[PDB]
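Below is one structure; the comments refer to it alone.
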Amino acid sequence: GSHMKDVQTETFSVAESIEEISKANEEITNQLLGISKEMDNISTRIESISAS
Amino acid sequence: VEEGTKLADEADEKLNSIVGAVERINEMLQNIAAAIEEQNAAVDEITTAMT
């Protein structure tokens with residue numbers, strides 16, 4: 001298989017890329033949780049400012 | 001004595017009218033003293049809020 005010597009170079013590049021995306025979309029999902037909590041802190045505080 | 005008793009009976013009425021009138025001033029002044037206790041409670045409520 002002459003061109004399978006290139007199909008490994010291609011499928012290596014996709015396999016190394018997709019595995020970075022797989023932890024990077026977990027790093028983003030973690031950041032979205034931390035933002036959500038901090039917007040809830042802003043939300044909570046603007047209610048205390050409304051009562052003040 | 002005719003015009004001494006006339007002016008003195010008018011000075012009686014105009015001075016017994018002061019013993020009520022400056023007591024009516026006093027009654028109003030006790031009512032602004034009572035309002036100062038509310039301003040002190042209210043500014044203490046505003047100060048803990050602004051802090």
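In the structure tokens, each chain is lettered A, B, ... as it comes, each chain's residues begin at 1, and ligands are numbered from 1 in order of appearance.
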
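For chain B, the residues close to chain A, meaning within 12 Å and counting only C-alpha atoms, are residues 45, 46, 47, 48, 49, 50 and 51 of chain B.
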
Point to revise | Length of the atom CA of residue 26 of chain B to atom CA of residue 44 of chain B vector [Å] | key: 27.8 Å
